[PDB]
Amino acid sequence: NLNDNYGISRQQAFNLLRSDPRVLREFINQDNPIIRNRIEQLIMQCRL
Amino acid sequence: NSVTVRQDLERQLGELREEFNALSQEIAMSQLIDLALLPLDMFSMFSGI
Amino acid sequence: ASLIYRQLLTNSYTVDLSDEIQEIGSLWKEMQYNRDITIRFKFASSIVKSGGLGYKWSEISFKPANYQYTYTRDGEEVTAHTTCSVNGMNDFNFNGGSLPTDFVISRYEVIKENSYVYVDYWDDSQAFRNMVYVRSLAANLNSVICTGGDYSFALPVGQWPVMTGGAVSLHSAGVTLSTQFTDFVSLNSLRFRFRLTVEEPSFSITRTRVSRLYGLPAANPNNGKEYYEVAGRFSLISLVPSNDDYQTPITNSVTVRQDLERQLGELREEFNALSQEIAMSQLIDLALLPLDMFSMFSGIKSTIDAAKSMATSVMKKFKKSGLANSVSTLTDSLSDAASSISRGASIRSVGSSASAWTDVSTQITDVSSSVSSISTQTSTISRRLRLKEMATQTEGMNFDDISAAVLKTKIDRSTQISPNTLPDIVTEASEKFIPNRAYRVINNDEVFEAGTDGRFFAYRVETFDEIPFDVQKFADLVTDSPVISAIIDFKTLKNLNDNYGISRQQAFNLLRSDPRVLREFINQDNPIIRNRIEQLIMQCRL
Amino acid sequence: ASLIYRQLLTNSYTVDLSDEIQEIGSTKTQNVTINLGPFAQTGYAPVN
Amino acid sequence: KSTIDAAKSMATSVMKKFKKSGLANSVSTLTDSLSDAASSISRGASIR
Amino acid sequence: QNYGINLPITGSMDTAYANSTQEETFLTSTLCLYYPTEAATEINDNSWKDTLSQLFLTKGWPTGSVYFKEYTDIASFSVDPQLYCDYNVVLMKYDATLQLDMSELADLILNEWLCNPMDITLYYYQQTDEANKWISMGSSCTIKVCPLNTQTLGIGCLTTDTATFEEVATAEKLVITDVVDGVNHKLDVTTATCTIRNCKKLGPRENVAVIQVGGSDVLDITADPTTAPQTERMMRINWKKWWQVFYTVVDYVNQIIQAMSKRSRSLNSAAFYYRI
Amino acid sequence: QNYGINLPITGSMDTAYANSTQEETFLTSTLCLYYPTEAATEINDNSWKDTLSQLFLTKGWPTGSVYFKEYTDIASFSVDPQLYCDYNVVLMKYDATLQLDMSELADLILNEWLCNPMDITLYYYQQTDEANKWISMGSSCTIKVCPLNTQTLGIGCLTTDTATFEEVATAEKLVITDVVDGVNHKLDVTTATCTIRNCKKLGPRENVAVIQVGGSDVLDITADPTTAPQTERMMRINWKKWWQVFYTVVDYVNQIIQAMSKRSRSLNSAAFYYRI
Ligand SMILES: *[C@@H]1O[C@H](CO)[C@@H](O)[C@H](O)[C@H]1NC(C)=O
Ligand SMILES: *[C@@H]1O[C@H](CO)[C@@H](O)[C@H](O)[C@H]1NC(C)=O
Ligand SMILES: [Ca+2]
Ligand SMILES: [Ca+2]
Ligand SMILES: [Ca+2]
Ligand SMILES: [Ca+2]
Ligand SMILES: [Ca+2]
Ligand SMILES: [Ca+2]
Ligand SMILES: [Ca+2]
Ligand SMILES: [Ca+2]
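Protein chains in written order, with PDB author numbering: chain A, 729 to 776; chain B, 486 to 534; chain C, 2 to 27, 261 to 776; chain D, 2 to 49; chain E, 535 to 582; chain F, 51 to 326; chain G, 51 to 326.
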């Protein structure tokens, strides 16, 4: 979804695949709806 | 004697589950990741309590 | 070598575990004393009888007993004094009925395998006045058999019940230091522990439905014997204060500085003086060692008590210092920032996005010197990049490695060691070692650099020429990307490049504080790197 | 994978804690209060 | 296989003997030698 | 079935309606009518059962399919109620004084329960959720409750002293105790003449219908104060003569059964599923 | 608010559910339980309030938020009832003979009212709209009304002779009088024992819930004969013992208050707003 709507750099894709925190925080700071939605899914999934 | 079959922590843990699930929605995302990279050890985890 | 600090913090929880048991509990020369001792002891009995016609006893229990004797050791008639006590006893009871007539024993004590027998032992020999500073102490003893004897009960009516039988073997298990309280002086003594093992003689009470009971009641545990004897040997190693190889004190009752000082005042000068004799390349080699707890605290020649608590005493002092509180405040700030999208207003960011690493705070501010805002921002950031050093978020060797290496090489050399000096000298060293330290972050062949002193520098890796420092970019780089300690900080790097033209690979390694290039430059006796490392070591001045 | 040996060496400081707990329990272990069976203890009357 | 009443001390039981062996002694000797070298302590003769 | 219970059932919204299965249902089913003794006394006929069977036959039921069970009163019937036939219609007389007992009986027989034994003398018991109750049945069920705290000490009561317990039931044939969830309680129950079970309300029991003879809508089959649902199986009628009541039951048996769903008949006739 | 009361509030039908980040005047809410004296008598315990507080704490209420206001009976409690806490739960014991008084109390405390003094000795009074009533309460209130005509002459009564007036209430602790609207009435009341006010029903209260212990659905909180609304705030339960009632109230307090709403507690504890 990101690569289609937000076609990303080779470096950005390389880092996202390897879950590098730098690119994650970069995309969140840009206020990316897709990665923000994914991280929200993970956080709301963090219930007990 | 008489044994409590179901422990007294069940109700408190249920209420705390409710509180935690309510608190989940108020988490920032950039700062959450900034925290995630902190090597949270014994001291760091149990000091701010 | 910085790992030690982390580990102390990481292990600080065990410190609490220590305090619990503790509050439940209540140069030098090595000289050997192996002595063949004969512990002669005995028990005492407390027989408190209840009211009525005398058919009921309120208690029949153990009581510590003292004994004195004299015995021959290597042709020396040695006078010995011992005190025997018991712990962990089983409170049996006999209840003939609710009437005043019936035989009733409210509580009678029997020592079984779950009990212990403690025996303080002292003599007027030399070995027992040299045991003030003890390196090691270990005693072996032949086991002894303590059999219970007869004890008839004073009933004026009918058959007289008799407490026969009962036996336990005492086996030596552990010897420690202890104190005997006299009227006007206090004596150092050896306290031996003995584990009990039930034996075949089973104690029973006549006129009762009691038989095949095992242990040793407190009624008549001596069985008429004058004393119970164990023969063995104790090995002691005593640390006698000596300043010359030809003298050796007969007795070590000497006062040491820590018998009179609890806050080390002049040992700071001792450390600062010790700093002179520090080698440079070997210091780097020691700083690259992952100095763990065992490596750090294994080489100290301690006393018997000091080694028993070195790590936890150091850690008790460690989890209170400014370093531990700074770590705690950083963790709490990160958790709070992550915990609420509510107070991004309260925190002010010197970067693109909010981060606990990138927040400005009190900074009472110094009008003494004309200060730029960027300088204050960078200094405030670097004071947290120190916690980055101590959060495994660094790439090259850090100043904490040098601090730990200096700490180790000084504590081993320093003759001033004690169960209270190593605490507050490890912690205060970690607090006060290298106070002014700089950090750098690399990004797209451009280096940003900040310092706690307020000096900031932006430059290019290929050629060391300064660049307009771009705050709000150094902050975003430093919040996430690896942070590098500036061992060879910009000024030294530019001096080196101008005078000693360094290669691209050498500059690459120097920027990232690679140990290999550092040590190779030191081995070449290069004045610039040697000067920088000398400044760093002299900064480790406690 | 070799971390077992490293951790055994590093965590060795807790052996002192173990020894203190052992030698303090024997100092201050409470006397055990042994129960008595439901069927207890009656005897004859004092007989002369 | 965890013979209970022994798992209460298994890790510390092994560690107490582990911090007495040739491996621990060699680690301590190496650390002390590194500290001495960092301190310019006179190393023994014939050491090159 | 069990290997296809957690599988979807797909149906199209155009499948033709099947013919009326009411005749086939009556032919292959059995009907149980539960009435009080006063009904038989007022009728004062030795063949009224046969008359009702013949009338039901006129209404389609086979001859030996309708059965009639008599109970002395609501309180007597509440001790281990037994529901025998496929369809169980209970004619319950209304008394303004036995309102809670009527509600308890209706709750017990109009719902499916999953009960377990309680050894009150050994264990402290708590109710896990809103579906969990304590159902006590016997000749005389006197239940007294002592809530505890985290330290197991009682509040407003002493575990040793039963006289301080908070009595919640006295001289009851059937009682459904609802205590605060998540709190451990120590219970004093007359175990000699009482049996108390930890029960969970699984859901409706659709093969049991209750016709309240007289009064108003007072049944409350839900412990929740905020809801008092009147279900299709909770009928109410006004009466002067029991013969008219039975005639109404016979004539509108079509409607009564249509409000009930078959296949809810357990293998056992008990009002609850006992599990150890 | 006042300058923004008459302003639209726009919301999107996809907004994610959230929770307010707004400070409240008090850190936590307070719950008031109003129970009859006979409840305390039957419970027969001095620490029962403390135990109920501990059980409410088990149900998430901090120690100090639950308060228990005892009242003798419905009639006495109907004299200027006072609602103190954020949430008020009134346990009204049902009596078949006091249906109108129960309805009057429920109407008074389940609805906001705007009331004015009535000097019945000096002026005649009308009821302008269906929301207008005459609420009188006191130790003993007897109300006599004489409707007048356009010429200010009594209809079926003599404006000077009180003996000809019409009796609408005799010895009432509380009474809500509804008369024909648009007609001037001459009133004589036992002013020495009770006060009568001209009140307007503004709407529901939303912070007072009435639990009717026993009986059937008899409350009528609307004077209109063709309406008997059973709102979510008027509950009904069946009972035999009061401890069970209180346990039910505690265990389902979340449900009880989910049917109520905060923000409706007035600054004054009174059951009506007053204008002089
Ligand atoms: C003096 O101290 C300095 C640093 O404090 C050190 O480099 C030097 O070796 C010391 N001694 C001599 C004799 O130079
Ligand atoms: C259903 O009813 C119809 C209409 O009377 C009839 O023709 C048919 O035979 C019945 N049976 C079935 C199985 O469809
Ligand atoms: Ca009942
Ligand atoms: Ca009580
Ligand atoms: Ca419940
Ligand atoms: Ca209900
Ligand atoms: Ca009234
Ligand atoms: Ca008249
Ligand atoms: Ca009107
Ligand atoms: Ca109405």
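For every residue, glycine included, the Cβ atom is placed at its ideal position computed from N, Cα and C.
With three or more CB-CB distances shorter than 8 Å, the stretch 546-555 of chain E counts as touching the stretch 14-22 of chain D.
Between residue 519(B) and residue 590(C), the gap from beta carbon to beta carbon is short of 8 Å. Taking a cut-off of 8 Å for Cβ pairs, the stretch 19-26 of chain C and the stretch 433-445 of chain C do not touch, as fewer than three such pairs fall below it. Contact residues of the stretch 500-514 of chain B toward chain C are 508, 511, 512, 513 and 514 (C-beta to C-beta distance below 9 Å). Of all alpha-carbon atoms in 644(C), 695(C) and 552(C), the one lying nearest the alpha-carbon of residue 9(C) is that of 552(C). For residue 26(D), the enclosing alpha helix (DSSP H) begins and ends at 15-26.
For residue 646(C), same chain residues with a beta-carbon under 6 Å away, outside a window of 5 residues either side, are 533 in chain order. Relative to ligand 7, the beta carbon of residue 225(G) is positioned inside 7 Å of a heavy atom.
Under the DSSP definition of a beta bridge, residue 201(G) lacks any partner. Taking the Cβ of residue 179(F) as the reference point, every heavy atom of ligand 10 lies at 7 Å or farther away. Boundaries of the beta strand (DSSP E) harbouring residue 167(G): 161-167, taken from the DSSP string. Three or more beta-carbon pairs separated by less than 8 Å link the stretch 320-330 of chain C to the stretch 23-32 of chain D, which places the two stretches in contact. The stretch 254-273 of chain F makes contact with the stretch 283-299 of chain F; the number of CB pairs closer than 8 Å reaches 3 or more. Restricting attention to 309(C), 314(C) and 293(C), the CA atom closest to the CA of residue 300(C) is found in 314(C). Here residue 47(D) carries a coil assignment [DSSP, helix/strand/coil]. Of the residues assessed, residue 152(F) falls on the buried side of the cut-off, its CB having 16 or more other CB atoms within 10 angstroms. For residue 207(F), the Cβ falls inside the 7 Å cut-off from some heavy atom of ligand 4. With respect to the C-alpha of residue 292(G), the residue from 87(G), 62(G), 65(G) and 93(G) having the closest C-alpha is 93(G).
Non-local beta-carbon contacts of residue 655(C) in its own chain, meaning distances under 7 Å to residues more than five positions away in sequence, involve 492, 498 and 501 in chain order. If you draw a straight line from the Cα of residue 108(G) to the Cα of residue 496(B), it comes to about 7 Å.
If you look at residue 408(C), you'll find it in the beta strand (DSSP E) that goes 401-415.
The stretch 292-311 of chain G makes no contact with the stretch 185-195 of chain G, as fewer than three CB pairs between them are under 8 Å.
Here residue 268(C) is exposed. Its C-beta has fewer than 16 other C-beta atoms within 10 Å. The DSSP-derived three-state label of residue 292(G) is helix.
Among the CB atoms of chain E, none fall inside 8 Å of the CB of residue 773(C).
Straight-line measurement puts the Cα of residue 263(C) at about 26 Å from the Cα of residue 466(C).
Listed along chain E, the residues sitting closer than 8 Å to residue 519(C) by beta-carbon distance are 568, 571 and 572.
Taking 8 Å as the cut-off between beta carbons, the residues of the stretch 277-289 of chain G near chain F are 282, 285, 286, 287, 288 and 289, in sequence order. Residue pairing by DSSP places residue 310(C) opposite 307(C) in a beta bridge. Around the beta-carbon of residue 45(D), fewer than 16 other beta-carbon atoms lie within 10 Å, marking it exposed. When Cβ pairs closer than 8 Å are counted between the two stretches, the stretch 672-689 of chain C is seen to touch the stretch 704-720 of chain C, the count reaching three or more. Excluding sequence positions up to five before and after residue 687(C), its CB lies within less than 6 Å of the CB of 670, all in the same chain and listed in chain order.
For residue 100(G), the shortest separation between its Cβ and any heavy atom of ligand 4 does not lie below 7 Å. With respect to chain C, the C-beta atom of residue 537(E) has no partner C-beta closer than 8 Å. Close CB contacts of residue 214(G) within its chain, under the 8 Å cut and outside five residues either way in sequence, are with 196, 204, 206, 207 and 208 (chain order). For residue 284(G), the enclosing beta strand (DSSP E) starts and ends at 284-287.
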